[PDB]
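Some notes on the structure that comes next.
Number of protein chains: 4
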Amino acid sequence: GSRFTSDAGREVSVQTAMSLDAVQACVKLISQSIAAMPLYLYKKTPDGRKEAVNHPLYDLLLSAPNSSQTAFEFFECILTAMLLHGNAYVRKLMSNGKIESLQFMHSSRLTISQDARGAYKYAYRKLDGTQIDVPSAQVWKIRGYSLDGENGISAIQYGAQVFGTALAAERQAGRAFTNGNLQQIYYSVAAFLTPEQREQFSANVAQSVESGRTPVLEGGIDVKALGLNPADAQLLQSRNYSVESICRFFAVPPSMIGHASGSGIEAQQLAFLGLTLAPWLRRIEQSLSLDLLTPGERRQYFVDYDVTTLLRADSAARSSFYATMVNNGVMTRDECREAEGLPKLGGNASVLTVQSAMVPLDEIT
Amino acid sequence: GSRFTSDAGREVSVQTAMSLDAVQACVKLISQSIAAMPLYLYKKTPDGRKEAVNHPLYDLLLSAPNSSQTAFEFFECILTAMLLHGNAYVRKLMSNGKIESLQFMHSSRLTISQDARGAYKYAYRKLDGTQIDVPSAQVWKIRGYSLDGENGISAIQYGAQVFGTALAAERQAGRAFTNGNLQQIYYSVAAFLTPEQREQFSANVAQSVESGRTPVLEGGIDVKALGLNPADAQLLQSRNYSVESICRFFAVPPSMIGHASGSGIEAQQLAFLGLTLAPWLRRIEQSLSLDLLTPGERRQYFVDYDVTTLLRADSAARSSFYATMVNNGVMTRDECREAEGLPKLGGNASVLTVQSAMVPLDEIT
Amino acid sequence: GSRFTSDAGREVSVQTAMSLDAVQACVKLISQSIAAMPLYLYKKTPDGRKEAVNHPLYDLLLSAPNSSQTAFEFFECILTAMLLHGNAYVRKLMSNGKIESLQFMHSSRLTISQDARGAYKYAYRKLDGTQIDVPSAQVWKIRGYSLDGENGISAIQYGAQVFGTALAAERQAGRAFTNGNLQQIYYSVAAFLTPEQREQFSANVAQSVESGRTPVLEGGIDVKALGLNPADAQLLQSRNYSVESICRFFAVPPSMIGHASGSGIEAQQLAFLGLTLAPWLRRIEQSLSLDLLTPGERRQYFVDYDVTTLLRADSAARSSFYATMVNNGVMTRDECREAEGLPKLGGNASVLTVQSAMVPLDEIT
Amino acid sequence: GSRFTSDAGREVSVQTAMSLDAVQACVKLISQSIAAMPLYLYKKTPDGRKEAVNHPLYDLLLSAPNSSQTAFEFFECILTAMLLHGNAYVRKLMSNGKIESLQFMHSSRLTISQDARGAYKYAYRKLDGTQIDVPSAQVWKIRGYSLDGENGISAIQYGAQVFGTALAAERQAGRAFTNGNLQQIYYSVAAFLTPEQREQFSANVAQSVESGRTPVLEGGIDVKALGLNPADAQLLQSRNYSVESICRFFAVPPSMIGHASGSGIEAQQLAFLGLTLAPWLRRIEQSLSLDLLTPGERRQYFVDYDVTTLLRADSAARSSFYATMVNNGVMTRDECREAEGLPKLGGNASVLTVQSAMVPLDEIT
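As given, the protein sequences belong to chains H, h, H' and h', one line each in that order. A prime marks a further copy of an entry chain.
Residues 40 to 300, 307 to 410, numbered by the authors' numbering, are exactly what the first sequence covers, in order.
Residues 40 to 300, 307 to 410, numbered by the authors' numbering, are exactly what the second sequence covers, in order.
Residues 40 to 300, 307 to 410, numbered by the authors' numbering, are exactly what the third sequence covers, in order.
Residues 40 to 300, 307 to 410, numbered by the authors' numbering, are exactly what the fourth sequence covers, in order.
As structure tokens, this is what we get:
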């Protein structure tokens, strides 16, 4: 793919950026966390929100958007594209107005061209090899963060400078094991020796240390120890700072739940959600609702994520919450039984119950 | 099986990478954590949800996918395949339109070829050595984090850089005992010695040590001590940094449970689960639903893991949970008894009981 | 047995590995903890789980699997084999279909050969000396962790590199007491002395210090003190790191309950169980259920460990738990009396009791 | 009795190893902890469980296995035998098909030979010196952690390496007072002295010290001080590391109770028990059940330790326990009185009493 250069001299692209450690950690964490949560299609109702089931888009977004891929893989790929490359494209396969399936279009197999009217022309190369032009009315476009308003910003191009120094530091640390920057003891003899005498000296030292003897340094031989520090040779502080800088660059706090290196755990997920994942959830909801839904059904349907697997609480807290909710008559006991994976029961378990001494506010006298 | 290179010059592959302790710990933790969770097959019912004990796939998943392998072995192998190679392959032995058994196709006994139509040709090498052909519609291909869209990223290929440094550091730390970099006492003599005289010198030193006599340094002999640091020679700081870097590479936040090196116990378990395990469970269950289940069956059957063995709590917390969930008429007594593994008792123990001071909301006036 | 080599030069096998300290500690801890818990054979019942007693396998797994060994020793040997060598074999001694006894087969007395059909042939050398071929249908095979899917991984072969450095460090520390690397004071005389004068000088120094006198160093005698550090001579930091590395290698957290070097103790056992012992318990259950039970009885019986001796709580917690369980009518008082080793009493102590004001949820009006 | 070697050159055996303080502490702790727990013989009854006071083995185990040894001595010797040598031997003096007494066969008075059939021939040397033959069906052979399957691992043989370093360190620390490695003040004189002049020099120095007069250093005399460290000469850090290493070798997590060097007291007792004592108790009781009990008796009799002396609690905790276990109708008052060692009182004190507000679950409606 595309490549860029930095001051350190290293050339950064997607492959070398993913060769790093903090980049892979941050990208995988945010993408897999944001793709695990299930998307849903609701229907606006005077009674509340009905779970739209007979609509094609519901099954197309929950189970499998295609005959090959899966919703989890679909969303992880699309959000990885938005993080690294900048934009993401999918192809709408529709027949007789309704939508049949959605197919992701990778940027390596896609060609983007601008025509005379300012629009775009899309050409897609499928597996066999033939190129097929797809009309611009059958392409879903999602951007992310954009300085312009038309095309999203690319993390690789803008973060070339940050990635180059990290790559160079890693390369220096790796090559320190072969440059000879870790050697400690240097022998010295005050005479001229042919190379064969050099191998003989080295082999003799190895034999002496292997046999459990003690060096004696006869004649003009001498030994000196060189005052080095392998931590300074390996650049641990610099690499730690690079990790912190990458984490800050991807807008993921380095102390989010300490993925890189507030007392209760349940608060940690709350901070993670409300500080990092809210913008991505909102962006996906908005863009999907604008493009995948025609104005005929745009005012009757809306998509919305649910966050319950990421907000699982402690057992005592769950018990107290359920007890105080069912006691005040907010929710019936059948909802609690469903929420714990228990079979429902009929009768008065489906009606609201309230304390005995509760009089309507208009009935007091 | 990979034979990749690195800047430190050390070859990295599955065997050499598994020689490391940190990789052992991380891979084993993920694998034995996912594998030990039972995977249930459920059937949708109007009255909640019920297990599908009569479907063959249920006993195929809970107990044994094959006649020799168990479910634990099956899933730990498949998880290890995803973690290391990125792709896992499963063959469906199905007869009479129904699945009978499943077996795992190791990557060391496969040949994968690309056809003109984009389809894949699979050839499995049986135990006898015979080659057989497996149709592409009888394999269950499942992939890890995919940067391309169709193939998962192999951990070794992209982490060669981070594995090579660890390998070189470990090998140098081991070889410091052979190079003679830990020597500290050096004798000296102002004359020209023959080899047998040096051997006798070392033997006399050893004998004097044995007899408990202080040395005397008679004539032109002298002793010097080098200012060495064995910790610097063994690279302790570099090795520690490598451990935490590997843990960060495998998306495991280091030192959550002390394996690398929230106050209550259950808080840590929920953190580990909701931060690391949830993506793997979601991916596996969705892939299984899409591939192993026919489109007709997908509307009434679904799978779901059983997360209760990692949610064990304190005795007081469990007692409080059960007391407050029984007193409020959410669970019957028999369900709570079954949770503790006790014989059932029919009669009024199977109905919901609530405090006498309750009243339906509609009745009050 | 088999042996392997490392960079440090030390040759590692089972004997030298068990000559270490961390290896023995970790292996013994995990094996004895996992073997102490009692295995049980249950029978599936509509009323719950009946304790299968008349089945041969129940007594064969609880009291004594043989006429010589014991269930504790049986399981400690089998799990030690799985930890160190990689695999474990036992021999099924069966007559008229049912199982009479189980006999463990040690790897030193067993020979493994592969025939033309891909199967295995087993030959076992008993105490007297004669070799007996045993059919492959009378051998129980249990593996552990396997990279392949057929044979388990061996800790010795893969951890040769980790064990070699620890052995070499121990050897260096031991030999420092005879090499002469701990000497502090060196005398010096500016003349040539015959050896007899060396013994005389040493004896004179010993006599002077024994008589309580003070050295005077007449003439050209001199004394120098050499600036050494015995901690650096003995490699305490390196050996500490080796201990930590071994503990991490065996997947046992070094801070599990501090066996090598969360406030309540009861939480410590919970973490230990749920993080280290769950995979082994699950593996043993699965493999035993698959092999030792025919499909005729596989759907009516199942094995299951119980964990109560490892989860003993504080006295106040036990009292509170029992009181709140018997008060809400979850369990009768006879169960509590049994659990404390007290004789049961008849009458209303065997029926569930509940608070006076508890009305069935369908009876409220 | 062993005569093993080590890299430090110090012979290790039972006597030299017991010369160490850490081995003393660990072995004594384990032995006197297991021995002080009483071992009861129980008979199975439908109405719970009852002691077998009329069986001879009961009085043989509680009070005295012999006519000279007590139960405490018997079991502490047998535990020490397992810990040090790995194997313990007991002879059953049984007459008229029943056991009369048991005696302990020390390893220093046995000869064990291997026969062609694999059986063992035992010869005991009585006190008089007479040799007698003991059949292999009249010995109770019990073994510790066995790596082979038939013989336990002896601690000395495998820990020679870790005992030799401790022995060498202790001997050098002791011998620093004889070598003269603690001297710090050295006089000097620029002339050739005779021995009597040196003796007079030392005597004059001592007399000047006695008379309280400052020295004068008249002529060519001078004084120097060496930069020595007695802690480095005595190897304090090495000795501390050796202590903790030995504690780790005997599977005792160091510094649990301060013997080597959870906040409440009872938490520490439960930790010690459930982490160290449980395997020994389980092994001993299962071996006793298998060997001393005939197959006919094994279906109605079993043994069990009495763990209550290590579970003593605070006065407030004990009072709360008894109050809440009596108020709730689980224990009668007489049992609680007997727990505190008080005379019984018949009447209504022997029945279960419960609060008047209780009601059977079946009755409510």
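C-beta: ideal position from N, C-alpha, C; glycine also.
>> For a contact defined as C-beta to C-beta under 9 Å, what are the partners of h:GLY392 on chain h'?
In response: Neighbours of h:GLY392 on chain h', chain order: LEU406, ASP407.
>> Quick check on H':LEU59: buried or exposed, where buried means 16 or more other Cβ atoms within 10 Å of its Cβ?
In response: With 16 or more other CB atoms across the displayed protein chains lying within 10 angstroms of its CB, H':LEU59 is buried.
> Is the CB of H':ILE171 under 7 Å away from at least one CB in chain h'?
Replying inline: It does not; no Cβ of chain h' falls within 7 Å.
> Looking only at DSSP bridge pairs, what is H:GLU90 linked to?
Replying inline: Within the DSSP bridge table, the entry for H:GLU90 names H:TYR81 as partners.
>> Suppose contacts are defined by Cβ-Cβ distances below 7 Å. Is h':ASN220 in contact with h':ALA272 by that definition?
In response: Yes, these two residues count as a Cβ contact at 7 Å.
> Whose Cβ in chain H lies nearer than 8 Å to the Cβ of H':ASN218?
Replying inline: Within 8 Å Cβ-Cβ: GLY251, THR253.
> Under the DSSP definition of a beta bridge, which residues are partnered with h:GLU330?
Replying inline: DSSP, once it has assigned bridges, lists no residue as partnering h:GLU330.
> Measuring CA to CA, which of H:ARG49, H:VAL255, H:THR354 is closest to h:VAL262?
Replying inline: The shortest CA-to-CA distance from h:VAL262 to any of H:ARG49, H:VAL255, H:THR354 is the one to H:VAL255.
>> Which residue marks the beginning of the alpha helix (DSSP H) containing h:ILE151, and which one marks its end?
In response: Boundaries for h:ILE151: no alpha helix (DSSP H) harbours it, while the beta strand (DSSP E) harbouring it runs 149-153, taken from the DSSP string.
> Residues in the segment 180-202 of chain h' with C-beta within 9 Å of chain H''s C-beta atoms, listed in sequence order?
Replying inline: Interface annotation for the segment 180-202 of chain h' against chain H': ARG182, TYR184, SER185, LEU186, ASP187, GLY188, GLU189, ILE192, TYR197, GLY198, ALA199, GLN200, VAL201, criterion Cβ-Cβ distance under 9 Å.
> Buried or exposed: which applies to H':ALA61, given that a residue is buried once 16 or more other Cβ atoms fall within 10 Å of its Cβ?
Replying inline: Burial is judged here by how many other beta carbons sit within 10 angstroms of a residue's own beta carbon; H':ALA61 has at least 16 and is buried.
> Given that a residue counts as buried once 16 or more other Cβ atoms are within 10 Å of its Cβ, and exposed if not, what is H:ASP154?
Replying inline: Residue environment: H:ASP154 is assigned as exposed (fewer than 16 neighbouring CB atoms within 10 Å of its CB, all protein chains considered).
>> Is it buried or exposed, H:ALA176, if we count other Cβ atoms within 10 angstroms and call 16 or more buried?
In response: H:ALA176 should be labelled exposed.
> By Cβ distance, which residues of its chain are closer than 6 Å to h':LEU206, with the 5 residues on each side in sequence left out?
Replying inline: In its chain, beyond the 5 residues on either side, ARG49 have a beta carbon closer than 6 Å to the beta carbon of h':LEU206.
>> For H':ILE181, report the span of its beta strand (DSSP E) as first-last.
In response: First-last of the beta strand (DSSP E) with H':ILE181: 178-181.
> Count the other CB atoms within 10 Å of the CB of h':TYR197; is the residue buried (16 or more) or exposed (fewer)?
Replying inline: Buried, because 16 or more other Cβ atoms sit within 10 Å of the Cβ of h':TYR197.
> Would you say H:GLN223 faces chain h, with C-beta separation under 7 Å as the test?
Replying inline: Output row for H:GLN223: interface = yes.
> Do we get a CB-CB distance below 7 Å when we pair H':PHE43 with the residues of chain h'?
Replying inline: It does not: the Cβ of H':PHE43 has no partner Cβ on chain h' nearer than 7 Å.
>> Is it buried or exposed, h':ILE192, if we count other Cβ atoms within 10 angstroms and call 16 or more buried?
In response: h':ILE192 should be labelled buried.
> Is any beta-carbon of chain H' found at less than 7 Å from that of h:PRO234?
Replying inline: Closer than 7 Å: no.
> Using 7 Å as the limit for Cβ to Cβ distance, is h:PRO85 near chain H?
Replying inline: False, the Cβ-Cβ gap to chain H never drops below 7 Å.
> Does the Cβ of H':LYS67 have 16 or more other Cβ atoms within 10 Å, making it buried, or fewer, making it exposed?
Replying inline: A residue is called buried when at least 16 other Cβ atoms come within 10 angstroms of its Cβ; H':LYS67 meets this threshold and is buried.
>> Looking at chain h', is there any beta carbon in it that lies within less than 7 Å of the beta carbon of H':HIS124?
In response: The Cβ of H':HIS124 sits no closer than 7 Å to any Cβ of chain h'.
>> Can you tell me whether h:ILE117 is helix, strand or coil according to DSSP?
In response: Helix, per DSSP.
> To the nearest whole angstrom, what separates the beta carbons of h:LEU101 and h:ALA110, a pair I think is in contact under 8 Å?
Replying inline: Between the beta-carbon of h:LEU101 and that of h:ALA110 there is about 6 Å, and that keeps the pair under the 8 Å contact cut.
> To the nearest angstrom, how far is it from the Cα of h':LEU265 to the Cα of h':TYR226?
Replying inline: Their Cα atoms are separated by approximately 11 Å.
>> Please report whether the beta-carbon of h:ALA74 lies at a distance below 7 Å from any beta-carbon of chain A.
In response: You won't find chain A in this structure, because its protein chains are H, h, H' and h'.
>> Check for me: the beta strand (DSSP E) holding h:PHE143 runs from which residue to which?
In response: Taken as a continuous stretch (DSSP letters only), the beta strand (DSSP E) holding h:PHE143 covers 137-143.
>> Within the continuous alpha helix (DSSP H) that includes h':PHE366, where are the two ends?
In response: 360-372 is the span of the alpha helix (DSSP H), which, as asked, contains h':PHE366.
>> Looking only at its chain, what residues have a beta carbon closer than 7 Å to the beta carbon of h':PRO388, apart from the 5 residues adjacent to it on each side?
In response: Excluding residues within five positions, none has a Cβ falling inside 7 Å.
> Using a Cβ-Cβ cut-off of 8 Å (strictly less than) and excluding sequence neighbours within five positions of H:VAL53, which residues of its own chain qualify?
Replying inline: Within the same chain, H:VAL53 has close Cβ partners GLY40, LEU123, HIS124, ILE195.
>> Using a Cβ-Cβ distance cut-off of 7 Å, determine whether h':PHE289 contacts chain H'.
In response: No, h':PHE289 lies away from the interface with chain H' (no Cβ there is under 7 Å from its Cβ).
> In the structure shown, what three-state DSSP assignment does residue 18 of chain h receive?
Replying inline: Past the edges of chain h, shown from 40 to 410, lies residue 18 of chain h, and the structure says nothing about it.
> Could you give the residue range of the beta strand (DSSP E) that holds H':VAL291?
Replying inline: Note, H':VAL291: premise wrong, no beta strand (DSSP E); not H, not E.
>> What would DSSP say about h:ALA74, mapped onto helix, strand or coil?
In response: Looking at h:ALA74 - three-state DSSP - the assignment turns out to be helix.
> Would you call h':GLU283 buried or exposed, if buried means 16 or more other Cβ atoms sit within 10 Å of its Cβ?
Replying inline: Per the 10 Å Cβ criterion, buried.
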